[PDB]
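>>> PDB entry and its sequence, pasted below:
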Amino acid sequence: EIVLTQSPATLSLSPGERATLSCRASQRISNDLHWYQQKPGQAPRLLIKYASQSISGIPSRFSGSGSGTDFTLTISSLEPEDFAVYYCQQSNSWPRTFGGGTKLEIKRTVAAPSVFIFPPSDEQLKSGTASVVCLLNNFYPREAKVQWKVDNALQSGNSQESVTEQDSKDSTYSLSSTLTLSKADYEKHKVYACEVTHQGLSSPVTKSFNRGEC
Amino acid sequence: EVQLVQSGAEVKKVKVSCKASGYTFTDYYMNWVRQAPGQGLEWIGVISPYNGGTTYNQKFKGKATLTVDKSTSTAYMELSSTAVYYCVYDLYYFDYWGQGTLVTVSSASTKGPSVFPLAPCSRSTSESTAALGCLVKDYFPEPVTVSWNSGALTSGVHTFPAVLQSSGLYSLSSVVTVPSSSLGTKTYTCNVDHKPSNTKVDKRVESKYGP
Amino acid sequence: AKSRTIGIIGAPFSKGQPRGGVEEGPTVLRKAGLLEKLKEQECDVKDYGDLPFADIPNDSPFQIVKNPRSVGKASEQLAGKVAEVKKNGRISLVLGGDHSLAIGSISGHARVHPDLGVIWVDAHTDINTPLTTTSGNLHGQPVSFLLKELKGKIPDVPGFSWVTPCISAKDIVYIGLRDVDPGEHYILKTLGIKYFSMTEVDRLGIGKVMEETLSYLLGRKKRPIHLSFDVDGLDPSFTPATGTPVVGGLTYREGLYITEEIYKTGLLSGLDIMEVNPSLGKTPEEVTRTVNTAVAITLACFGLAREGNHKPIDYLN
Amino acid sequence: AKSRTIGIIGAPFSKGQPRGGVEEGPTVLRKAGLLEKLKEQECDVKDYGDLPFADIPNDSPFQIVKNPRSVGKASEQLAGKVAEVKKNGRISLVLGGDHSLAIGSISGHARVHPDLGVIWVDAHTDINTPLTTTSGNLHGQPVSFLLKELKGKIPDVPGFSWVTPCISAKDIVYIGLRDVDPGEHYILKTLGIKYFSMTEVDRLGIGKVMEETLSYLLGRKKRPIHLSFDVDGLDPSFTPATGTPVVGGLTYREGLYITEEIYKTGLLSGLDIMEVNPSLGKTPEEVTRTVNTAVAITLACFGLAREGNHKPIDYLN
Ligand SMILES: [Mn+2]
Ligand SMILES: [Mn+2]
């Protein structure tokens, strides 16, 4: 039970220079942790024996440093395929704590989301529910706010959100909030505005429609 | 090499296989570890192949029970009533990761989705490269497989992850595409194929007698 | 430096003893991480790999002495490799295995350095002759082949033709005897071998014991000391995962003190770690305790003091 | 009497260390019953309550040094309270908490008694300067602020303006060092601070160690001794429920002997018990063992001999 603190929680960095990380322990484990490369949708992949030593041809860029609590992982030759949720894990104390996740992301520039709201379908109105989907597409970073306005009423608790992973192509993200209402509260209002606050947007863009409009 | 066969995906409201293969058994220690979805890694336990030496986690000694099958190189971790699971060897390291075994803690029944899309032909109001997307709603279990016009439209495809309802544990996905406004005589059919319920959904959306 | 210049030699061997599993000595001690824990302090670590020990299928025993030829071939290969890495001027860190390999470990060491001294740290004396044994397991019999005073008392065991006795009885020191045969106690009193059993340790304190040991060995002449070390000589609270756990053994602190004093001699020349059986841990945590204990012992043989170390530059910068 | 006249000061504080839970030091040590166990033998027990430590929200760290201002305010409040209860002529029993509070504990004690001596019993030296730390957790850094010889080596950490170094390097004694940073070992060898690490304890025996300690401190002059005590300095078999358990520590018997000798000096002036974390017991029985250990240590600091005590009247009546 030694808490491993990964001081970069998440991180975004370009294909480029060094990307040194840190797993700071709670005690002096004295050069007794490891390093992992859990790619998305993958089992984790071990990188380092004991703050060093490059296990089994893991290629050229995963040097570490020890002695004796501040344990680092340098990414010297960044190699942008290496963007994965990293983990440190102690060895010589029980029970075997891991890190938390040290997500390396792609840095490009801040992009505005192409915002696309969608009415609930008449098929969904033929189901008795109503889910309003407002897209945020091809933007950077994940730092976004979706605010629902139902005849200009700031609502919450009726919306579920979904984040894409960062694209290999254009390094963007794609969001949607699914403002799921009943059929009755849907019919009570028309103006269904999606206030989108994102860094690529200079103003909080309210993407709106009316009930029975399109 | 040290290669593993794990089994398998299950839904429970519970044994997990980990078949050792490609090497000499009783040389490396079966070490179970889980990962909650979207979370870190939670170590579980280490059993020897010589004997069932438990040394479980403090928190996992009740729910998780590791057993040994030292004759046929599989080993088993059993459970009583929400994450993905892994078996690794080389207890000081962790280099010999298994497949990945998702178990859901679920009470939902197997159902096909109810897609409530919008696929307008990029003529909503005035925008050239306007979007469209399907609303893959109320399916169980994971996953759905969505393809646009039998996978024809591949650019602009943005499959969103299955956000899980607090309603009936019927998760929700949505896949969207951005065509152009000079594509008005082109329908775009998301082909949602929820295979564990064997349901195949094809969609499109028209206008409402516009100008 | 002169000290902490290490050749590491594994020896995954088990045929000198019954309980299979001490072949996973080198596997475990390397996978727990030993080379790594050496290389922070200025340890010129050079592994030489585990030795490819053969398998004679028709290992026809002697009367009581079981599996003689495989052990003889094993220690011959080991004696060659250990003498080879002492030609490199390193410190022959050997780990096994069992005590039967210490025959070759001290034999090849004596090939290079004939004037050595042995500190045999074990719960047992391991001085069974092939006549005086009862098990005939050869980890009970390494010492009898190396004492020159038992020449003539040693039958020509098949596989040990290359063996020559190398030390005298007045150059070996036992520390931590607590399980001794009648034959072993008879020979030990017969040869006048200086020993510090647990009686004398409880009498004197481990500081006084180590001081008398180094006065008994190095008080005449500076000579390369070959510490060889059983892990069962410690009390099995600290090392449960070993072959012959005998209660009332040495504590962890005392063994650390032994190793620190032997390092501060600076005449350490070859270190042997035997009898590590990971298959005897009732939990893998027990194995973890035994292995971390043995690794801490080995690290304390190479400068890692409990008072700590520092690389000799100003840290106030 | 002069001795066993106690001010008890709790300090439910944790911000010098990462693992939250050592705030339940005073809660547990009072709920286990400590005041009560004092009051049978003639202990003028006066609690002074747990100190109301504030919460600075914008505790902006230094580079490595984390949470400086809350720790500085905490030790300042503690130094005021400890000097206040030494104005009462009592013995400042302080319990926390962590070693960061020992700054104020020895500071306020030195305000009243400038000629004190520190016996810093801990598995660690805690002599990290803000330059030489790696964690920056301030329980690794109390001693650097109190040494006059590190003046100039101490950057002006925000919150520690009131701090003045108070003791010399030749007046502090370590007992039980077994986990020392390279910077810590470098400074410890640099200042010539007399220490008794586990090496010297295993060499000498705890009787000889305590005798040399009291000869080193009081052999020149009778002066008030401030024993400050970590519970991880004991072996973690006896004290598992603490922050940095380091194996191969002091046994329970040896710690009791230390405390009994310090009582028989009669120059005990201020006692500090730190690093008790009940949240680190894997079972509450482990917490029970740690707390009963620490309570027995404290009681043996106030006359409770293992040979026993008697009130000086004839019991044959
Ligand atoms: Mn032995
Ligand atoms: Mn301490």
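All right, it came through fine. Numbers count the residues shown, from 1 in each chain, chains lettered A, B, ... in the order given. Ligands and ions are numbered 1, 2, ... in the order given.
>>> secondary structure element for the residue most central in space within chain C?
Nearest to the mean C-alpha position of chain C, by Cα atoms, centre = their mean, lies residue C:228 at 2.6 Å. If you go by DSSP states H and E, residue C:228 is part of strand C:225-230.
>>> for that strand, packing partners?
Under the contact definition 3 or more Cβ pairs under 8 Å, 6 or more residues apart in numbering or on different chains; DSSP states H and E, strand C:225-230 sits against helix C:102-112, strand C:117-121, helix C:252-265, strand C:270-274. Backbone N, C-alpha and C define where each C-beta goes, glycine included.
>>> For it, what is the distance to the chain centroid?
Its chain's average C-alpha position is 4 Å from that of strand C:225-230, according to Cα atoms, centre = their mean, to the nearest Å.
>>> ok, and does that strand reach over to ligand 1?
Yes: legend: contact between strand C:225-230 and ligand 1 by Cβ under 5 Å from the ion is shown at residue C:230.
>>> In chain C, where's the longest helix?
Criterion DSSP state H: the longest helix present in chain C is helix C:68-87.
>>> Parallel or antiparallel, which strands does the next helix or strand after that helix pair with?
Once helix C:68-87 ends, the next helix or strand along the chain (criterion: DSSP H and E) is strand C:91-95. If you go by DSSP bridges, strand C:91-95 pairs up with strand C:5-10 (parallel), strand C:270-274 (parallel).
>>> hey, which of these is tucked in deepest?
Most buried of the strands paired with strand C:91-95, by mean neighbour count (mean count of other Cβ atoms under 10 Å in any protein chain shown): strand C:270-274, with a mean of 27.
>>> chain center to it: distance?
Relative to the chain's own centre, strand C:270-274 is displaced by 4 Å; criterion: Cα atoms, centre = their mean.
>>> Which is the succeeding secondary structure element to it?
The first helix or strand that comes after strand C:270-274 along the chain, using DSSP H and E, is helix C:284-300.
>>> ok, that following helix near chain B or not?
Yes: residues of helix C:284-300 are located near chain B by Cβ under 8 Å from any Cβ of the partner chain, namely C:284, C:285, C:286, C:287, C:288.
>>> picking that back up, JSON lines for the helices and strands packed on strand C:225-230, including distance to residue B:154?
JSON lines is the format used below for the helices and strands packed on strand C:225-230 (distance: least, Cβ to Cβ, whole Å):
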{"stretch": "helix C:102-112", "distance to residue B:154": "66"}
{"stretch": "strand C:117-121", "distance to residue B:154": "70"}
{"stretch": "helix C:252-265", "distance to residue B:154": "64"}
{"stretch": "strand C:270-274", "distance to residue B:154": "61"}
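>>> out of those, nearest to residue C:216?
strand C:117-121 (8.8 Å; Cβ to Cβ).
>>> name the helices or strands packed onto the closest one?
Counting contacts by 3+ Cβ pairs under 8 Å, 6+ apart, the secondary-structure elements packed against strand C:117-121 are strand C:172-175, helix C:206-218, strand C:225-230, helix C:252-265.
>>> Deepest in the core, which of the ones you listed is it.
Across the helices and strands packed on strand C:117-121, averaging neighbours per residue (mean count of other Cβ under 10 Å) puts strand C:225-230 on top, at a mean of 26.
>>> Could you check which residue of chain C lies nearest chain D?
Here chain C gets closest to chain D at one residue, residue C:308, 2.9 Å apart by Cβ to the nearest Cβ.
>>> Can you tell me how far that residue is from residue D:185?
Distance of residue C:308 to residue D:185, given as Cβ to Cβ, to the nearest Å: 4 Å.
>>> okay, and the common contacts of the two?
Here residue C:308 and residue D:185 have no joint contacts, going by Cβ atoms under 8 Å, 6 or more residues apart in numbering or on different chains.
>>> Now for residue B:190: which residues touch it?
With contact set as Cβ under 8 Å, 6+ apart, residue B:190 has these partners: B:115, B:117, B:119, B:133-134, B:136, B:146-148, B:175, B:201-203.
>>> let's go with 10 Å and repeat that
B:115, B:117, B:119, B:132-136, B:144, B:146-149, B:153, B:157, B:159, B:174-177, B:201-204 (Cβ atoms under 10 Å, 6 or more residues apart in numbering or on different chains).
>>> which among those residues end up buried?
Neighbour counting by 16 or more other Cβ atoms under 10 Å in any protein chain shown classes B:115, B:117, B:119, B:132-136, B:144, B:146-149, B:153, B:157, B:159, B:174-177, B:201, B:203-204 among the contacts of residue B:190 as buried.
>>> Those in strands, which ones?
Judged by DSSP state E, the buried ones among the contacts of residue B:190 include B:132, B:133, B:134, B:135, B:136, B:159, B:174, B:175, B:176, B:177, B:201 as members of strands.
>>> got the contact list for the residue in the stretch 151-300 of chain C that ligand 2 sits nearest to?
Closest to ligand 2 within the stretch 151-300 of chain C is residue C:253: 18.2 Å, counting by Cβ to the ion. Contact analysis of residue C:253 by Cβ under 10 Å, 6+ apart lists C:206, C:238, C:306, D:178, D:198-199, D:201-202, D:235, D:247-251.
>>> Relative to residue C:231, how far out is the closest residue to residue C:278 other than its chain neighbours?
Nearest residue to residue C:278, sequence neighbours excluded (Cβ to Cβ, 6 or more residues apart in numbering or on different chains): residue C:287, at 4.5 Å. Using Cβ to Cβ, residue C:287 is found at 12 Å from residue C:231.
>>> Could you do residue C:58 as well?
32 Å.
>>> Now residue 95: closest residue in space, sequence neighbours ignored.
Since you didn't name a chain, this refers to chain A. Nearest residue to residue A:95 in three dimensions, chain neighbours excluded: residue B:57, at 5.2 Å (Cβ to Cβ, 6+ apart).
>>> hmm, I had chain C in mind actually
residue C:273 (4.2 Å).
>>> Many thanks, we can stop here.
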